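Heads up, input02.tsv below (TSV, C-alpha atoms):
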chain	number	residue	atom	x	y	z
A	1	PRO	CA	-6.01	28.74	-7.23
A	2	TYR	CA	-4.89	25.81	-5.08
A	3	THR	CA	-6.99	23.68	-2.77
A	4	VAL	CA	-5.73	20.71	-0.76
A	5	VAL	CA	-8.21	18.28	0.79
A	6	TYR	CA	-6.83	16.14	3.60
A	7	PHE	CA	-7.27	14.90	7.15
A	8	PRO	CA	-6.37	17.20	10.04
A	9	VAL	CA	-2.76	15.88	10.09
A	10	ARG	CA	0.50	16.83	8.38
A	11	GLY	CA	0.94	13.26	7.14
A	12	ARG	CA	1.58	13.18	3.40
A	13	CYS	CA	0.73	16.85	2.88
A	14	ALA	CA	3.48	18.31	5.04
A	15	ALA	CA	5.86	18.28	2.07
A	16	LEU	CA	3.58	20.00	-0.46
A	17	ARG	CA	2.47	22.48	2.19
A	18	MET	CA	6.11	23.34	2.83
A	19	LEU	CA	6.60	23.59	-0.93
A	20	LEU	CA	3.65	25.95	-1.38
A	21	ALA	CA	4.58	27.99	1.69
A	22	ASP	CA	8.21	28.40	0.63
A	23	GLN	CA	7.32	29.27	-2.95
A	24	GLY	CA	5.03	32.01	-1.71
A	25	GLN	CA	1.89	30.37	-3.08
A	26	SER	CA	-1.50	30.55	-1.41
A	27	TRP	CA	-3.90	27.64	-1.11
A	28	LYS	CA	-7.16	26.73	0.60
A	29	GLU	CA	-7.29	23.82	3.02
A	30	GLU	CA	-10.35	21.61	3.31
A	31	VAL	CA	-10.33	19.26	6.26
A	32	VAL	CA	-11.73	15.75	6.03
A	33	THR	CA	-12.63	14.71	9.55
A	34	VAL	CA	-13.13	10.95	10.02
A	35	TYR	CA	-8.05	6.78	-6.03
A	36	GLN	CA	-7.03	7.76	0.26
A	37	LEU	CA	-6.37	11.51	0.16
A	38	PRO	CA	-4.82	14.07	-0.34
A	39	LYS	CA	-6.76	15.58	-3.23
A	40	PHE	CA	-5.45	18.68	-4.98
A	41	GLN	CA	-7.36	21.10	-7.14
A	42	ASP	CA	-5.35	23.39	-9.42
A	43	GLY	CA	-7.98	25.24	-11.39
A	44	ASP	CA	-10.23	22.48	-12.65
A	45	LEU	CA	-7.32	20.04	-12.53
A	46	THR	CA	-7.97	17.46	-9.80
A	47	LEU	CA	-5.03	15.35	-8.62
A	48	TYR	CA	-4.72	12.50	-6.15
A	49	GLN	CA	-1.58	10.84	-4.73
A	50	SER	CA	0.90	13.03	-2.81
A	51	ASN	CA	3.83	12.40	-5.16
A	52	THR	CA	1.66	13.21	-8.19
A	53	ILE	CA	0.94	16.58	-6.63
A	54	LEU	CA	4.62	17.11	-5.78
A	55	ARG	CA	5.67	16.44	-9.37
A	56	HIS	CA	2.88	18.65	-10.70
A	57	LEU	CA	3.94	21.56	-8.51
A	58	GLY	CA	7.50	20.70	-9.48
A	59	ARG	CA	6.81	20.97	-13.21
A	60	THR	CA	4.65	24.08	-13.06
A	61	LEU	CA	6.65	25.93	-10.39
A	62	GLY	CA	10.02	24.94	-11.87
A	63	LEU	CA	11.29	22.76	-9.01
A	64	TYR	CA	12.32	19.78	-11.16
A	65	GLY	CA	15.98	20.31	-11.97
A	66	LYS	CA	17.54	22.42	-14.72
A	67	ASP	CA	17.69	19.63	-17.32
A	68	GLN	CA	16.50	16.07	-18.00
A	69	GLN	CA	19.54	14.60	-16.26
A	70	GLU	CA	18.79	16.41	-12.98
A	71	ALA	CA	15.10	15.70	-13.35
A	72	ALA	CA	15.89	11.99	-13.33
A	73	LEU	CA	18.02	12.32	-10.20
A	74	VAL	CA	15.28	14.35	-8.51
A	75	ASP	CA	12.84	11.51	-9.22
A	76	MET	CA	15.35	8.95	-7.97
A	77	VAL	CA	15.86	10.87	-4.73
A	78	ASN	CA	12.12	11.37	-4.25
A	79	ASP	CA	11.46	7.64	-4.74
A	80	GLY	CA	14.02	6.79	-2.09
A	81	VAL	CA	12.37	9.22	0.31
A	82	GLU	CA	9.03	7.70	-0.58
A	83	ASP	CA	10.39	4.19	0.05
A	84	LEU	CA	11.52	5.12	3.55
A	85	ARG	CA	8.27	6.98	4.21
A	86	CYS	CA	6.40	3.78	3.46
A	87	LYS	CA	8.37	1.99	6.17
A	88	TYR	CA	7.71	4.83	8.62
A	89	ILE	CA	3.98	4.74	7.89
A	90	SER	CA	4.10	0.99	8.37
A	91	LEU	CA	5.86	1.36	11.73
A	92	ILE	CA	3.45	4.03	12.98
A	93	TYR	CA	0.17	2.36	12.03
A	94	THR	CA	1.33	-1.27	12.33
A	95	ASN	CA	4.25	-2.51	14.47
A	96	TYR	CA	5.05	0.66	16.41
A	97	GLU	CA	5.32	-0.88	19.88
A	98	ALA	CA	7.67	-3.71	18.88
A	99	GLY	CA	9.16	-2.48	15.62
A	100	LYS	CA	10.36	0.89	16.92
A	101	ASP	CA	13.48	-0.74	18.37
A	102	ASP	CA	14.55	-2.54	15.20
A	103	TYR	CA	13.52	0.45	13.07
A	104	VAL	CA	15.92	2.84	14.81
A	105	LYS	CA	18.69	0.22	14.66
A	106	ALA	CA	18.27	0.15	10.88
A	107	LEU	CA	17.69	3.88	10.37
A	108	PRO	CA	21.39	4.74	9.82
A	109	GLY	CA	21.57	2.32	6.90
A	110	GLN	CA	18.49	4.00	5.48
A	111	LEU	CA	19.83	7.54	5.83
A	112	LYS	CA	23.42	6.90	4.67
A	113	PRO	CA	22.50	6.93	0.94
A	114	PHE	CA	21.17	10.48	1.29
A	115	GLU	CA	24.30	11.63	3.11
A	116	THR	CA	26.34	10.13	0.28
A	117	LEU	CA	24.25	11.72	-2.46
A	118	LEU	CA	24.71	15.02	-0.65
A	119	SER	CA	28.49	14.69	-0.41
A	120	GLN	CA	28.58	14.01	-4.17
A	121	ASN	CA	26.92	17.35	-4.97
A	122	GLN	CA	29.23	20.28	-4.23
A	123	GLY	CA	30.06	18.62	-0.93
A	124	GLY	CA	26.49	18.99	0.29
A	125	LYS	CA	26.69	22.79	0.24
A	126	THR	CA	23.45	23.31	-1.69
A	127	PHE	CA	20.50	20.96	-2.30
A	128	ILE	CA	20.06	17.20	-2.63
A	129	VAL	CA	20.22	17.61	-6.42
A	130	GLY	CA	21.62	20.45	-8.49
A	131	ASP	CA	22.24	24.01	-7.40
A	132	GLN	CA	18.55	24.93	-7.08
A	133	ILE	CA	15.82	23.64	-4.74
A	134	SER	CA	13.46	20.95	-6.10
A	135	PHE	CA	10.31	19.18	-4.85
A	136	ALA	CA	12.53	16.36	-3.59
A	137	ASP	CA	14.14	18.70	-1.07
A	138	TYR	CA	10.82	19.58	0.56
A	139	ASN	CA	9.97	15.91	0.65
A	140	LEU	CA	13.39	14.87	2.02
A	141	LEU	CA	13.31	17.63	4.65
A	142	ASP	CA	9.94	16.40	5.89
A	143	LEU	CA	11.20	12.82	6.12
A	144	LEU	CA	14.25	13.99	8.11
A	145	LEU	CA	12.21	16.17	10.50
A	146	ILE	CA	9.61	13.51	11.30
A	147	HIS	CA	12.47	11.09	11.98
A	148	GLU	CA	14.27	13.44	14.38
A	149	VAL	CA	11.04	13.20	16.38
A	150	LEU	CA	10.86	9.40	16.29
A	151	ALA	CA	14.53	8.96	17.05
A	152	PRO	CA	15.99	12.29	18.25
A	153	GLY	CA	19.66	12.57	17.42
A	154	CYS	CA	19.54	10.12	14.49
A	155	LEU	CA	21.00	12.88	12.30
A	156	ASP	CA	24.07	13.41	14.50
A	157	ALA	CA	25.98	10.66	12.69
A	158	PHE	CA	25.50	12.57	9.42
A	159	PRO	CA	27.14	16.02	9.24
A	160	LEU	CA	25.92	16.79	5.72
A	161	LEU	CA	22.26	15.95	6.40
A	162	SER	CA	22.16	17.94	9.66
A	163	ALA	CA	23.61	20.99	7.94
A	164	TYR	CA	21.07	20.48	5.16
A	165	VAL	CA	18.10	20.38	7.55
A	166	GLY	CA	19.46	23.54	9.16
A	167	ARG	CA	20.12	25.30	5.87
A	168	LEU	CA	16.61	24.65	4.48
A	169	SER	CA	14.79	25.16	7.81
A	170	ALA	CA	16.24	28.66	7.85
A	171	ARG	CA	14.73	29.66	4.48
A	172	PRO	CA	12.69	32.83	5.25
A	173	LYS	CA	9.18	31.74	4.19
A	174	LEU	CA	9.78	28.13	5.24
A	175	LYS	CA	10.99	29.00	8.75
A	176	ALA	CA	7.85	31.08	9.25
A	177	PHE	CA	5.57	28.29	8.05
A	178	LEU	CA	7.34	25.73	10.24
A	179	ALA	CA	6.65	27.99	13.20
A	180	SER	CA	2.99	28.67	12.35
A	181	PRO	CA	0.12	27.13	14.42
A	182	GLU	CA	-1.11	25.81	11.08
A	183	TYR	CA	1.90	23.50	11.10
A	184	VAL	CA	2.97	23.12	14.74
A	185	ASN	CA	-0.53	22.32	16.04
A	186	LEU	CA	-1.34	19.55	13.56
A	187	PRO	CA	-0.47	16.04	14.73
A	188	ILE	CA	2.16	14.26	12.64
A	189	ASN	CA	0.08	11.08	12.31
A	190	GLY	CA	-3.56	10.06	12.52
A	191	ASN	CA	-3.21	7.32	15.14
A	192	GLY	CA	-1.58	9.92	17.38
A	193	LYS	CA	1.82	8.18	17.41
A	194	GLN	CA	5.10	9.77	16.32
B	1	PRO	CA	23.20	3.48	-25.42
B	2	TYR	CA	20.92	1.74	-22.93
B	3	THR	CA	21.82	-0.95	-20.43
B	4	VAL	CA	19.43	-2.52	-17.92
B	5	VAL	CA	20.80	-4.55	-15.01
B	6	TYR	CA	18.30	-6.90	-13.38
B	7	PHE	CA	17.58	-10.41	-12.18
B	8	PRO	CA	16.59	-13.06	-14.72
B	9	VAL	CA	12.87	-12.20	-14.32
B	10	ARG	CA	10.45	-9.78	-15.98
B	11	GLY	CA	9.46	-8.38	-12.58
B	12	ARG	CA	9.74	-4.60	-12.53
B	13	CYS	CA	11.54	-4.39	-15.87
B	14	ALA	CA	8.81	-5.87	-18.03
B	15	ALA	CA	7.27	-2.42	-18.48
B	16	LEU	CA	10.44	-0.55	-19.50
B	17	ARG	CA	11.46	-3.45	-21.72
B	18	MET	CA	8.09	-3.22	-23.46
B	19	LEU	CA	8.59	0.53	-23.69
B	20	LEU	CA	12.05	0.19	-25.25
B	21	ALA	CA	10.93	-2.62	-27.56
B	22	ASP	CA	7.87	-0.73	-28.80
B	23	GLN	CA	9.77	2.51	-29.32
B	24	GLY	CA	12.30	0.69	-31.46
B	25	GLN	CA	15.19	1.30	-29.06
B	26	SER	CA	18.01	-1.13	-28.46
B	27	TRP	CA	19.49	-1.93	-25.07
B	28	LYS	CA	21.92	-4.35	-23.46
B	29	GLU	CA	20.75	-6.65	-20.68
B	30	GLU	CA	23.02	-7.60	-17.80
B	31	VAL	CA	21.72	-10.40	-15.63
B	32	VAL	CA	22.24	-10.42	-11.89
B	33	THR	CA	21.99	-14.02	-10.78
B	34	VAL	CA	21.43	-14.50	-7.02
B	35	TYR	CA	19.49	2.40	-3.68
B	36	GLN	CA	17.25	-3.47	-5.08
B	37	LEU	CA	17.58	-3.32	-8.87
B	38	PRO	CA	16.86	-2.52	-11.72
B	39	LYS	CA	19.75	-0.24	-12.62
B	40	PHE	CA	19.68	1.70	-15.87
B	41	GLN	CA	22.58	3.27	-17.68
B	42	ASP	CA	21.80	5.90	-20.32
B	43	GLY	CA	25.20	7.12	-21.41
B	44	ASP	CA	26.95	7.88	-18.14
B	45	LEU	CA	23.58	8.53	-16.48
B	46	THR	CA	22.91	5.80	-13.93
B	47	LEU	CA	19.35	5.42	-12.64
B	48	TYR	CA	17.77	3.16	-10.02
B	49	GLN	CA	14.08	2.60	-9.22
B	50	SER	CA	11.82	1.27	-12.01
B	51	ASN	CA	9.48	4.27	-12.04
B	52	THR	CA	12.44	6.67	-12.19
B	53	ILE	CA	13.57	4.88	-15.34
B	54	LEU	CA	10.03	4.94	-16.77
B	55	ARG	CA	9.74	8.69	-16.26
B	56	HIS	CA	13.23	9.24	-17.66
B	57	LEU	CA	12.42	7.30	-20.84
B	58	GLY	CA	9.09	9.12	-20.83
B	59	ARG	CA	10.70	12.57	-20.80
B	60	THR	CA	13.44	11.82	-23.29
B	61	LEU	CA	11.38	9.65	-25.66
B	62	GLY	CA	8.33	11.92	-25.47
B	63	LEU	CA	5.91	9.52	-23.76
B	64	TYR	CA	4.74	11.93	-21.05
B	65	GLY	CA	1.63	13.58	-22.43
B	66	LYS	CA	1.32	16.57	-24.75
B	67	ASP	CA	1.13	19.21	-22.00
B	68	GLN	CA	1.55	19.68	-18.23
B	69	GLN	CA	-2.08	18.76	-17.62
B	70	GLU	CA	-1.73	15.35	-19.30
B	71	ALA	CA	1.66	14.83	-17.70
B	72	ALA	CA	0.00	15.11	-14.29
B	73	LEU	CA	-2.67	12.58	-15.23
B	74	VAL	CA	-0.01	10.22	-16.58
B	75	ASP	CA	1.77	10.40	-13.23
B	76	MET	CA	-1.51	9.86	-11.39
B	77	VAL	CA	-2.30	6.79	-13.47
B	78	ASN	CA	1.22	5.41	-13.07
B	79	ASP	CA	1.05	5.83	-9.28
B	80	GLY	CA	-2.20	3.89	-9.19
B	81	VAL	CA	-0.63	1.10	-11.21
B	82	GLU	CA	2.35	1.20	-8.89
B	83	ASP	CA	0.07	1.01	-5.84
B	84	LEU	CA	-1.61	-2.14	-7.14
B	85	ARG	CA	1.74	-3.61	-8.16
B	86	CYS	CA	2.91	-3.24	-4.59
B	87	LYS	CA	-0.04	-5.36	-3.42
B	88	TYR	CA	0.68	-7.97	-6.10
B	89	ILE	CA	4.35	-8.15	-5.08
B	90	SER	CA	3.21	-8.49	-1.49
B	91	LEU	CA	0.84	-11.33	-2.39
B	92	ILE	CA	3.45	-13.21	-4.44
B	93	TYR	CA	6.35	-13.03	-1.98
B	94	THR	CA	4.31	-12.93	1.25
B	95	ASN	CA	0.75	-14.27	1.67
B	96	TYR	CA	0.31	-16.05	-1.67
B	97	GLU	CA	-1.15	-19.32	-0.35
B	98	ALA	CA	-3.81	-17.70	1.85
B	99	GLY	CA	-4.13	-14.21	0.40
B	100	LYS	CA	-4.75	-15.28	-3.20
B	101	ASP	CA	-8.43	-15.89	-2.42
B	102	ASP	CA	-9.12	-12.50	-0.83
B	103	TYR	CA	-6.91	-10.77	-3.40
B	104	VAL	CA	-9.00	-11.94	-6.37
B	105	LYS	CA	-12.20	-11.06	-4.49
B	106	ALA	CA	-10.91	-7.50	-4.20
B	107	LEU	CA	-9.34	-7.24	-7.66
B	108	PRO	CA	-12.48	-5.84	-9.37
B	109	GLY	CA	-12.54	-2.90	-6.97
B	110	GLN	CA	-8.89	-2.30	-7.80
B	111	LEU	CA	-9.36	-2.41	-11.57
B	112	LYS	CA	-12.63	-0.41	-11.78
B	113	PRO	CA	-10.86	2.99	-11.47
B	114	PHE	CA	-8.82	2.24	-14.59
B	115	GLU	CA	-11.94	1.19	-16.53
B	116	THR	CA	-13.54	4.46	-15.47
B	117	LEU	CA	-10.53	6.58	-16.41
B	118	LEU	CA	-10.59	4.85	-19.79
B	119	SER	CA	-14.27	5.53	-20.40
B	120	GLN	CA	-13.62	9.22	-19.63
B	121	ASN	CA	-11.06	9.50	-22.44
B	122	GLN	CA	-12.69	9.27	-25.87
B	123	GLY	CA	-14.67	6.31	-24.57
B	124	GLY	CA	-11.52	4.24	-24.10
B	125	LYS	CA	-10.77	4.25	-27.84
B	126	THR	CA	-7.13	5.33	-27.49
B	127	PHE	CA	-4.79	5.27	-24.47
B	128	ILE	CA	-5.21	5.58	-20.71
B	129	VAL	CA	-4.35	9.30	-21.02
B	130	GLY	CA	-4.49	11.57	-24.04
B	131	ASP	CA	-4.45	10.56	-27.68
B	132	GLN	CA	-0.84	9.34	-27.69
B	133	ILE	CA	0.84	6.44	-25.86
B	134	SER	CA	2.74	7.26	-22.63
B	135	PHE	CA	4.96	5.34	-20.20
B	136	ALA	CA	1.89	4.74	-18.04
B	137	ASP	CA	0.35	2.62	-20.78
B	138	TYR	CA	3.29	0.21	-20.88
B	139	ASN	CA	3.17	0.02	-17.12
B	140	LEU	CA	-0.62	-0.47	-16.99
B	141	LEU	CA	-0.51	-3.11	-19.74
B	142	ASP	CA	2.06	-5.10	-17.77
B	143	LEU	CA	-0.05	-4.91	-14.61
B	144	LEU	CA	-3.11	-6.14	-16.54
B	145	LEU	CA	-1.23	-9.00	-18.24
B	146	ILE	CA	0.37	-10.34	-15.06
B	147	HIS	CA	-3.07	-10.25	-13.43
B	148	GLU	CA	-4.76	-12.20	-16.23
B	149	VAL	CA	-2.26	-14.92	-15.29
B	150	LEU	CA	-2.99	-14.77	-11.55
B	151	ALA	CA	-6.74	-14.62	-12.03
B	152	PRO	CA	-7.59	-15.52	-15.66
B	153	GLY	CA	-10.77	-13.83	-16.79
B	154	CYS	CA	-10.55	-10.96	-14.29
B	155	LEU	CA	-10.72	-8.56	-17.25
B	156	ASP	CA	-14.00	-9.97	-18.57
B	157	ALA	CA	-16.03	-7.68	-16.32
B	158	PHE	CA	-14.34	-4.67	-17.94
B	159	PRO	CA	-15.00	-4.20	-21.68
B	160	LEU	CA	-12.82	-1.09	-22.01
B	161	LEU	CA	-9.74	-2.61	-20.33
B	162	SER	CA	-9.96	-5.85	-22.35
B	163	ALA	CA	-10.16	-3.92	-25.61
B	164	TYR	CA	-7.23	-1.81	-24.39
B	165	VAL	CA	-5.03	-4.85	-23.66
B	166	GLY	CA	-5.92	-6.17	-27.11
B	167	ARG	CA	-5.33	-2.86	-28.87
B	168	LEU	CA	-1.86	-2.34	-27.33
B	169	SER	CA	-0.81	-6.02	-27.50
B	170	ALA	CA	-1.34	-5.81	-31.25
B	171	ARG	CA	1.13	-2.93	-31.73
B	172	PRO	CA	3.63	-4.26	-34.34
B	173	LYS	CA	6.93	-4.03	-32.39
B	174	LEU	CA	5.22	-4.81	-29.08
B	175	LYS	CA	3.46	-7.95	-30.34
B	176	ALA	CA	6.79	-9.26	-31.60
B	177	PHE	CA	8.55	-8.55	-28.30
B	178	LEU	CA	5.74	-10.18	-26.32
B	179	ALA	CA	6.23	-13.28	-28.45
B	180	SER	CA	10.04	-13.37	-28.19
B	181	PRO	CA	11.85	-16.02	-26.07
B	182	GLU	CA	13.50	-13.03	-24.38
B	183	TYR	CA	10.10	-12.27	-22.87
B	184	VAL	CA	8.14	-15.54	-22.89
B	185	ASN	CA	10.92	-17.61	-21.31
B	186	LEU	CA	11.59	-15.34	-18.34
B	187	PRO	CA	9.64	-16.16	-15.18
B	188	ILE	CA	7.24	-13.45	-14.03
B	189	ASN	CA	8.50	-13.54	-10.43
B	190	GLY	CA	11.62	-14.60	-8.57
B	191	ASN	CA	9.99	-16.98	-6.08
B	192	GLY	CA	8.56	-18.84	-9.08
B	193	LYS	CA	4.94	-18.00	-8.21
B	194	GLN	CA	2.50	-16.19	-10.51
Represent the structure from my file as structure tokens, please.
Amino acid sequence: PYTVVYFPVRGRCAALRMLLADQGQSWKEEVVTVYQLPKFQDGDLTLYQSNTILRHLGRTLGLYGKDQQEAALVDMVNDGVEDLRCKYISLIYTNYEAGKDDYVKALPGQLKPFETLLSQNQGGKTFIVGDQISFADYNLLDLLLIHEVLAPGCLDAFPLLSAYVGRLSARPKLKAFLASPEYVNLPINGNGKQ
Amino acid sequence: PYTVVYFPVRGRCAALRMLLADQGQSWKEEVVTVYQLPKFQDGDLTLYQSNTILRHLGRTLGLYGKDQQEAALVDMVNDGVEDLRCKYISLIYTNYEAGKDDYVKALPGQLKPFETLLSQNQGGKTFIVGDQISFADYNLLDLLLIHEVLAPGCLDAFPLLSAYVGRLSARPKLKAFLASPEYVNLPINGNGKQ
């Protein structure tokens, strides 16, 4: 019984959509043509804030680590992703024309921490945290994909990340969703820039 | 076995310090004179990001709601607080001189949601969520206190919030901590503005 209310763009819902899709859950979309959405309805539970939804789905669907220690790392990784996403959103809607240059120059410094974190966990052979997927993976994967569109090839300097994007992108239900019109035909951002 | 590494300012640690103080936990500070701190060490567990720490302490100290439903609301409230805190931080370090005017004009619109949320929970007679304190309370309380310093009297238009700040501020261990030199003598912000 899931319903997500959002604009007709992937934006901040791409991650939770991927999460739902991959976990084999069904939801109802509810477009909003022109607390800022998304809005999520789980039964009579009504959530706002994308990360709130991600954690909620994480708790209830068991994508929050195997113990309190991992849970903390998952949060820490998610917050980093979120931090970078804020810069991206700022670039897109604010200084896209001028900032794009400087942004890509700095991108490697922004992505290196993730590469490191990956190397520290079974040599990046599984997920960003632990040996099971978590909501932070779906969110990290989205951040990496939307960046490969802004600056194609940015992930070439990071062997672990690139393998990671490939590993996750190949997950049965996820691959299908990523290839669906439902995903492919939605613009990444509202202002039409990406 | 807690250690918090941060600058010599309350900044983003005020909340977790209040949390620790109120919960009767002891920690070791480690000043950093001139992932951006804080850094938290719980045993060999090393966390970064203030909210990550807040959730961690929330999970382990049982300040995360009584069930998954409340947990979600706690997150939702915390994210709202965090959203406003980002604006505050932006005012302080960026457009303080000019933005202060417009900021205070808009403040009521920013605080109204919290007043509402409060009224919806036992008529604001307990905490922001549920009938037990949660990490979001400590974080909300900090946000309200630092605002009463920026724009004194801003809470007069909201009876529920004002009672809330008074109710929590009177908590035995919290009142003491709020009166300690450890708290009182630390500047609110780095740039010396508040």
Counting all atoms listed in the file, what are the residues of chain B within 8 Å of chain A, and for each of them which pair of atoms is the nearest and at what distance in Å, to one decimal? Sort the table by chain and rising number, as a Markdown table.
| residue | atom | partner | partner_atom | distance |
| --- | --- | --- | --- | --- |
| B:35 | CA | A:113 | CA | 7.1 |
| B:45 | CA | A:69 | CA | 7.3 |
| B:47 | CA | A:76 | CA | 7.1 |
| B:48 | CA | A:76 | CA | 6.6 |
| B:49 | CA | A:76 | CA | 6.6 |
| B:52 | CA | A:76 | CA | 5.6 |
| B:53 | CA | A:72 | CA | 7.7 |
| B:55 | CA | A:72 | CA | 7.6 |
| B:56 | CA | A:72 | CA | 5.8 |
| B:59 | CA | A:68 | CA | 7.3 |
| B:60 | CA | A:68 | CA | 7.4 |
| B:68 | CA | A:59 | CA | 7.4 |
| B:69 | CA | A:45 | CA | 7.4 |
| B:72 | CA | A:56 | CA | 5.8 |
| B:73 | CA | A:47 | CA | 7.5 |
| B:75 | CA | A:52 | CA | 5.8 |
| B:76 | CA | A:52 | CA | 5.6 |
| B:79 | CA | A:49 | CA | 7.3 |
| B:80 | CA | A:35 | CA | 7.2 |
| B:113 | CA | A:35 | CA | 7.2 |
#### Entry: Spatial neighbours of stretch 19-32 of chain A, 7 Å, all atoms listed in the file, chain gap at least 5 places, as number ranges by chain
A: 1-8, 135, 138, 173-174, 177
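Taking only C-alpha atoms into account, residue A:161 lies nearest to A:116 out of the set A:41, A:116, A:189, A:194.
Interatomic distance, atom CA of residue B:187 to atom CA of residue B:9: 5.2 Å.
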Kindly list the centre and edge lengths in Å, rounded to one decimal, for the axis-aligned box that covers all listed atoms of stretch 15-28 of chain A plus 4 Å on each of its six sides, as lines of an AutoDock Vina configuration file.
center_x = 0.5
center_y = 25.1
center_z = -0.1
size_x = 23.4
size_y = 21.7
size_z = 13.9
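Here atom CA of residue A:119 and atom CA of residue A:81 stand 17.0 Å from one another.
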#### Entry: Within-12 Å shell of (3.4, 4.0, 14.9) in input frame, only C-alpha atoms, as a count of residues only
27
### Message
Between atom CA of residue B:66 and atom CA of residue B:82, what distance in Å does the model show, to one decimal?
### Response
22.1 Å
Could I get stretch 122-138 of chain B rebuilt with N, CA and C atoms, written as a compact mmCIF listing (two decimals), in the frame of the given file?
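Written output follows (out.txt):
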# COMPACT_ATOMS: atom_id res chain seq x y z
N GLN B 122 -12.21 9.69 -24.56
CA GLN B 122 -12.69 9.27 -25.87
C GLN B 122 -13.27 7.86 -25.80
N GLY B 123 -14.05 7.61 -24.76
CA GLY B 123 -14.67 6.31 -24.57
C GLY B 123 -13.70 5.15 -24.68
N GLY B 124 -12.53 5.30 -24.08
CA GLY B 124 -11.52 4.24 -24.10
C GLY B 124 -11.13 3.75 -25.48
N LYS B 125 -11.14 4.64 -26.48
CA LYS B 125 -10.77 4.25 -27.84
C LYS B 125 -9.29 4.46 -28.17
N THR B 126 -8.55 5.10 -27.27
CA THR B 126 -7.13 5.33 -27.49
C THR B 126 -6.27 4.81 -26.33
N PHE B 127 -5.65 5.70 -25.57
CA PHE B 127 -4.79 5.27 -24.47
C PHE B 127 -5.35 5.69 -23.13
N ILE B 128 -4.73 5.24 -22.05
CA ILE B 128 -5.21 5.58 -20.71
C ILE B 128 -5.23 7.09 -20.46
N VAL B 129 -4.40 7.85 -21.18
CA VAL B 129 -4.35 9.30 -21.02
C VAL B 129 -3.94 9.97 -22.32
N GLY B 130 -4.80 10.85 -22.82
CA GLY B 130 -4.49 11.57 -24.04
C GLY B 130 -4.70 10.74 -25.28
N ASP B 131 -4.29 11.27 -26.42
CA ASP B 131 -4.45 10.56 -27.68
C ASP B 131 -3.13 10.00 -28.21
N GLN B 132 -2.16 9.86 -27.33
CA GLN B 132 -0.84 9.34 -27.69
C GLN B 132 -0.42 8.38 -26.57
N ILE B 133 0.40 7.38 -26.89
CA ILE B 133 0.84 6.44 -25.86
C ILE B 133 1.81 7.15 -24.92
N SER B 134 1.88 6.69 -23.67
CA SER B 134 2.74 7.26 -22.63
C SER B 134 3.33 6.11 -21.82
N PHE B 135 4.34 6.40 -21.00
CA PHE B 135 4.96 5.34 -20.20
C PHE B 135 3.97 4.64 -19.28
N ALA B 136 2.89 5.32 -18.92
CA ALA B 136 1.89 4.74 -18.04
C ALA B 136 1.14 3.61 -18.72
N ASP B 137 1.04 3.66 -20.05
CA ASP B 137 0.35 2.62 -20.78
C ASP B 137 1.14 1.33 -20.66
N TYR B 138 2.43 1.40 -20.96
CA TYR B 138 3.29 0.21 -20.88
C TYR B 138 3.23 -0.36 -19.48
